[PDB]
Amino acid sequence: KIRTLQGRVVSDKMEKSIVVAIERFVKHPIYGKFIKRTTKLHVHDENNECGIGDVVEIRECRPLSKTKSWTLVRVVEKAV
Amino acid sequence: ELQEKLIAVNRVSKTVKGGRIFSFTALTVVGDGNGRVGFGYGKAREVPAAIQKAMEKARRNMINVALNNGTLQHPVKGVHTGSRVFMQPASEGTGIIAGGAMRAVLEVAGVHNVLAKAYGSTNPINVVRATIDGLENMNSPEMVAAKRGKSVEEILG
Amino acid sequence: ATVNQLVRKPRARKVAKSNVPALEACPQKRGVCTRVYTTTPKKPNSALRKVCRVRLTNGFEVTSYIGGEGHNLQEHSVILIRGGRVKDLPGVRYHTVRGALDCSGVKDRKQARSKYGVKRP
Amino acid sequence: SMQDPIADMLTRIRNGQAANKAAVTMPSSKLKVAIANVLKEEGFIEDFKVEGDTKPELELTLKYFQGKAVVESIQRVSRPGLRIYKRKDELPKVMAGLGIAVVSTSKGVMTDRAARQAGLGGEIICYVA
Amino acid sequence: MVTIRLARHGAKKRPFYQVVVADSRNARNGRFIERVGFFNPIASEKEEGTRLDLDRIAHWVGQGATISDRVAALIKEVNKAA
Amino acid sequence: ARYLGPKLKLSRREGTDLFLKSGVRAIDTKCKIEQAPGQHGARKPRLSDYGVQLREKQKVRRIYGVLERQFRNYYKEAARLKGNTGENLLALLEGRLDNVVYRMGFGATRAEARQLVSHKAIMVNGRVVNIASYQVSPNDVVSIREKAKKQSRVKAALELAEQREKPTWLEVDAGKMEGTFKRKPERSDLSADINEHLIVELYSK
RNA sequence: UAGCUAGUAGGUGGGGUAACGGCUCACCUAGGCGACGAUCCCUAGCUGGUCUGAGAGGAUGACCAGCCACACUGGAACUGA
RNA sequence: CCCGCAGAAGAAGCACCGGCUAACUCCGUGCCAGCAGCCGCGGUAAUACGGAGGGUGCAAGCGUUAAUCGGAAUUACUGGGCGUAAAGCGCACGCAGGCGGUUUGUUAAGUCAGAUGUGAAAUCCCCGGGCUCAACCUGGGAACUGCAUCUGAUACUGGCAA
Ligand SMILES: [Mg+2]
Ligand SMILES: [Mg+2]
Ligand SMILES: [Mg+2]
Ligand SMILES: [Mg+2]
Ligand SMILES: [Mg+2]
Ligand SMILES: [Mg+2]
Ligand SMILES: [Mg+2]
Ligand SMILES: [Mg+2]
Ligand SMILES: [Mg+2]
Ligand SMILES: [Mg+2]
Ligand SMILES: [Mg+2]
Ligand SMILES: [Mg+2]
Ligand SMILES: [Mg+2]
Ligand SMILES: [Mg+2]
Ligand SMILES: [Mg+2]
Ligand SMILES: [Mg+2]
Ligand SMILES: [Mg+2]
Ligand SMILES: [Mg+2]
Ligand SMILES: [Mg+2]
Ligand SMILES: [Mg+2]
Ligand SMILES: [Mg+2]
Ligand SMILES: [Mg+2]
Ligand SMILES: [Mg+2]
Ligand SMILES: [Mg+2]
Ligand SMILES: [Mg+2]
Ligand SMILES: [Mg+2]
Ligand SMILES: [Mg+2]
Ligand SMILES: [Mg+2]
Ligand SMILES: [Mg+2]
Ligand SMILES: [Mg+2]
Ligand SMILES: [Mg+2]
Ligand SMILES: [Mg+2]
Ligand SMILES: [Mg+2]
Ligand SMILES: [Mg+2]
Ligand SMILES: [Mg+2]
Ligand SMILES: [Mg+2]
Ligand SMILES: [Mg+2]
Ligand SMILES: [Mg+2]
Ligand SMILES: [Mg+2]
Ligand SMILES: [Mg+2]
Ligand SMILES: [Mg+2]
């Protein structure tokens, strides 16, 4: 299979572009506690499809601006 | 099977109407070399009178200790007052690596090879009570098998 | 203590400072020297202790205790300085090395002559 | 506000043994029964029940071989503020294998001795000296 | 150009040549893809002395890589059937 | 490298016979043994825990003729090796060539055996060897070359080996001055007096 | 050191690059980064490793080896895979 | 590398010696001169100063200085505390943040389990081989506590549920 990192949408005010905050629950090297850490990206999309506050699948792809080197595969569980 | 030795001897004052009157405080330990240990404090006006007084307390105050061949069963803390203390079973090789005072109470007991470190304060009186707190609390599989109403092989194996 | 408290603010290691600003992990250091003089020490000692206001090569100005019985220093004279507090004179935190450069050895010292820079008979 | 019930279960056992008391009642759960069934099956607790149908209540009946208590010492390890999980080889053996660590594995809650023979690891709930 | 060549390791006056596959531009003891045995000219008539993995040479030379003046002699030394 | 001083003084400090000034004569009784280390020999030592450990190490050094830098490296080797660390130390000390040559009988004293090794007299498996610290592995055949063989500092010294205990682990021909180191030295065979336990303590800290 | 940022953030079109891309002009759009530390300030080549420690770590990155960066200081292109 | 040649021939210091820390006396000096890593020694019988003989530990090195860790559980995750020793904000309300009673689902993020490639070579650790021996060199293996994906387990953590 191909890559598909899950992540929740933060904003869409960019036109054919989005900002996604991927969540990851990795532990601290020293102390052992599992911390709720963020991986903030930008992603491409043909037209402003996704809105705000919803889970999204994302693929590693060709660079298509400065930053923003990720493509939207599809939406899963759309906004309320 | 006597085996007895001195740990420390400390000089202490009283202070009276006249001047001050010094007395010495010995600290001896005894043990057969087979899981019977006793410490005795003792205190007198003279140094040789103090250790002979100290040796009489230790002989009567023995404590039974179970042990595997010539070492501990399991790792054990043994806090007392300031000295927290710690000791670990270790292998058939090696020797008794521990601090002064803490090693005396070990070597005379019967143990031939353990790890040990004296955390917190390392006062000669308390570290001896610390080790013997730990060694008295320590237990063998033959005790625990009977305690849990089961079997020696099933628990261990 | 408290593990989450340490994630938010890690353990600040106690940075123990070096006693001697001769600096750059240097063993010794030169000094052109000024004011060779004498000072009375702390309470329980009482004496006249020899000392010179050394002017180090790296810019600092220090006081160095001159060991041994009798010395060559006077006003100037270029001297090598090692580390080592005296624990007697308040503030004198260096020792003038004997033998090295202009501070010559003490006369007639048979015992202990690596210290004090003296040769065999 | 009773954050961890599993720690609280083990304190009632610990303070129960110090007090010299037979019955020790508390609120029940799925995990409380699973821990208790390990301790009975091994041998720290002579029997237990979970009476009350609608609002459950778990009472234990504690063991004393001599006047001294059977439970020497008992400690929560993977507390909710700091969770701990261990590999197959890294499962700790308490008291050099005469004292057990209750571990929540993928195939139910079990002892650390069973997890070696099973060939797996998991969340170490509590040590029992 | 990838080349099978001697690296020269060891002590002063007592050399030990690690025969190795590396790029020509890269240094004598520089990078390499992987080694392929060793050479030692100070063994004498005893148990061990020289080694050369014949399968790995068929991979690199079959693809495209030169064999240096000394390593050319070691392929002759091991022989085909002699 | 060596002590090269008053040898029999070192026997008085420790007390026991170190086999330094043994030679053709059997027993000394010609030095006021035991009760005269230096000037103040009438004094008696209190001796702390550091003392008893140090005196044991100092004794085992002077018996075999080893200095502390070399001795500390022998300890580190014993720590690596398997089994009991104490018995490994004495196994390595006995494995020296100058010590094996002394046990054979080719050398009345240990300093004689050390110099006899150094001066190209001692051969082993056909190879001439000049090093005292040569670590002798088991199943060897030490021997003297025909130049140094049957000279007037060997035949006299070999007669002393009749009086000596004669170890079990090695064999001697005593016809053509030939030796055969058979196996490694065990603890129970030799020593039976000098303590190994106290030296292992000193270096562990 | 609390707010920074105007080719700044994103689009459509033209150019340019061995190649994608504000790499660069042209509109269009007013976003992007930031308490999970942007900006600013000081210090610093990084890594394999090295030293130390029972270990977790702590210090460090001479020598051997991988990567980057520089070549009197500042700048620019040319010739070439 | 080997052989012969001549002949005790050419070839030992330098710290320390009151306690911590192995090792003592005698003269000289008299809070002076000086020592010292800490405690501290010296005021006319100094084991601490200077010298002398003796001793101790190192020895082709030895001390001194600086530097890093260690001991220091004296930044404590393993592994400390906070009534009076340093340390509970003067007291509330509360946003982000952390943490969360309990039952039945699903769930594959944590989690664990396996699989695959990668974790450059040296260095380290184990066993061998070679310099007469050792440093040094070197063969093999483990190690490279990891990392990414893939397939599961589904108790405990989390989501969306009832
Ligand atoms: Mg992970
Ligand atoms: Mg770019
Ligand atoms: Mg005291
Ligand atoms: Mg006292
Ligand atoms: Mg080179
Ligand atoms: Mg070529
Ligand atoms: Mg040497
Ligand atoms: Mg915005
Ligand atoms: Mg430590
Ligand atoms: Mg350089
Ligand atoms: Mg790059
Ligand atoms: Mg230029
Ligand atoms: Mg061109
Ligand atoms: Mg002195
Ligand atoms: Mg006098
Ligand atoms: Mg002195
Ligand atoms: Mg620490
Ligand atoms: Mg504290
Ligand atoms: Mg406390
Ligand atoms: Mg107060
Ligand atoms: Mg207070
Ligand atoms: Mg208050
Ligand atoms: Mg505050
Ligand atoms: Mg309040
Ligand atoms: Mg409140
Ligand atoms: Mg809140
Ligand atoms: Mg939550
Ligand atoms: Mg819950
Ligand atoms: Mg599934
Ligand atoms: Mg795994
Ligand atoms: Mg790579
Ligand atoms: Mg490697
Ligand atoms: Mg090695
Ligand atoms: Mg190797
Ligand atoms: Mg190899
Ligand atoms: Mg290989
Ligand atoms: Mg990972
Ligand atoms: Mg992964
Ligand atoms: Mg399936
Ligand atoms: Mg399922
Ligand atoms: Mg759940």
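As a convention, Cβ positions derive from the backbone with ideal geometry for all residues, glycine included, and neighbour counts pool all protein chains shown. Laboratory data are not the source of any read-out in this text; all were calculated from the coordinates shown.
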Problem - Most positive-pole-ward Cα, C:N72, C:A25, C:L101, against dipole of chain C from beta carbon charges - result: C:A25
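If neighbour count is taken as other Cβ atoms inside 10 Å, put A:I58, D:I6 in order from fewest to most. Can you show the working numbers first?
On the way: A:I58 21, D:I6 18.
Lowest to highest Cβ neighbour count: D:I6, A:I58.
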Handout entry: Separation between Cα centres of region C:78-99 and region B:47-80, rounded to whole Å
Key = 51
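Can you give the FRET efficiency to the nearest 0.05 for A:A79 and A:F25, using r as the Cβ-Cβ distance and R₀ = 22 Å? Intermediate results must be reported in sequence, preceding the final value.
Details: r = 23 Å, r/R0 = 1.06.
Efficiency at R0 = 22 Å is approximately 0.40.
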Handout entry: Of C:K42/C:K110; F:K21/F:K59; A:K27/D:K32; A:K33/D:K86; F:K9/F:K44, those spanning more than 19 Å from alpha-carbon to alpha-carbon
Key = C:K42/C:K110; A:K27/D:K32
Handout entry: Overall Cα dimensions of region C:25-121 - principal axes, largest extent first, Å
Key = 37, 35, 27
Exercise for the section: Please pull out the direction-averaged projected area of chain B, using the convex hull of its alpha-carbon atoms, in nm² to one decimal place. Expected result: 11.1
Practice task
Give the peptides A:37-45, C:9-17 in descending order of average Cβ contacts within 10 Å, highest first.
Solution key: A:37-45, C:9-17
Practice task
Let me see the pair-distance distribution of the protein assembly as shown: every alpha carbon pair, 10 Å bin width, integer percents in order.
Solution key: 2, 8, 10, 11, 15, 18, 17, 11, 5, 2, 0, 0
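List the trypsin sites (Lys or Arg not before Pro) in region D:69-109 that DSSP assigns to loop (not H, G, I, E or B) and whose Cβ has at most 15 other Cβ atoms within 10 Å. Which are they? Each step should come with its number before you reach the end.
Details: sites: D:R76, D:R83, D:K86, D:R87, D:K88, D:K93, D:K107; in loops: D:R83, D:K86, D:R87, D:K88, D:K93, D:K107.
Answer in residue order: D:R83, D:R87, D:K88, D:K93, D:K107.
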Handout entry: Per residue Cα convex hull volume in Å³ - calculated over region D:72-129
Key = 73
Handout entry: Radius of gyration and Dmax over the Cα atoms of region B:18-106, both given in Å
Key = 16.1, 58
Problem - Net charge contributed by nearby residues that have their C-beta within less than 15 Å of D:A18 (K/R +1, D/E -1) - result: +4
Handout entry: Scattering profile of region F:94-181 at q = 0.18, 0.19 Å⁻¹ [log10 I(q)/I(0), Debye over alpha-carbon scatterers]
Key = -0.67, -0.76
Practice task
In whole Å, largest first, what are the principal axis extents of the Cα atoms in region F:1-54?
Solution key: 38, 29, 18
Exercise for the section: Can you put B:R20, F:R61, D:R79 in order of Cβ neighbours within 10 angstrom, beginning with the fewest? Expected result: B:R20, D:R79, F:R61
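When 1/r is averaged over all different Cα pairs and the result inverted, which Kirkwood radius in Å belongs to chain D?
Numbers: mean 1/r = 0.0657 Å⁻¹.
Taking the inverse mean of 1/r over all distinct Cα pairs, chain D comes out at 15.2 Å.
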Problem - Given charges at Cβ of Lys, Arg, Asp, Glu: chain B dipole, positive-most of B:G40, B:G99, B:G110 - result: B:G40
Completion exercise
Asserting the computed 222 nm helical MRE of the protein assembly as shown (DSSP H runs at least 4 long, -39500 (n - 2.57) per run, divided by residue count, to nearest 500) equals -7000 deg cm²/dmol
Practice task
Let me see the pair-distance distribution of region B:59-134: every alpha carbon pair, 10 Å bin width, integer percents in order.
Solution key: 21, 56, 22, 1
Problem - Spatial separation of Cα centroids for region B:125-157 and region E:13-60, in angstrom - result: 60
Practice task
Based on other C-beta atoms within 10 Å, arrange C:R98, A:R59 from fewest to most.
Solution key: A:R59, C:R98
Fill in the blank from the handout: Diffing region C:98-113: the Karplus 3J(HN,Hα) column from phi (6.51, -1.76, 1.60, θ = phi - 60°), in whole Hz with x for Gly and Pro, holds 9, x, 5, 6, 9, 6, 7, x, 6, 6, 6, 10, 7, 7, 6, 10
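Could you list the GluC sites (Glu not before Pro) in region B:1-85 that lie in coil according to DSSP, counting only those with at most 16 other Cβ atoms within 10 Å of their Cβ?
Values: sites: B:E1, B:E4, B:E46, B:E56; in loops: B:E1, B:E46.
For GluC sites (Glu not before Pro) across region B:1-85 that sit outside H, G, I, E and B with at most 16 neighbouring Cβ atoms in 10 Å, the list reads B:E1, B:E46.
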Completion exercise
Those chymotrypsin sites (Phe, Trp or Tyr not before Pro) from region A:22-80 that are DSSP loop and have at most 12 other Cβ neighbours within 10 Å turn out to be A:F25
Handout entry: Per-selection Rg to Rh, chain E - Cα, Kirkwood hydrodynamic radius
Key = 0.96
Completion exercise
Among the Cα-Cα pairs of region F:40-197, the proportion with separation greater than 25 Å, in percent, is 34
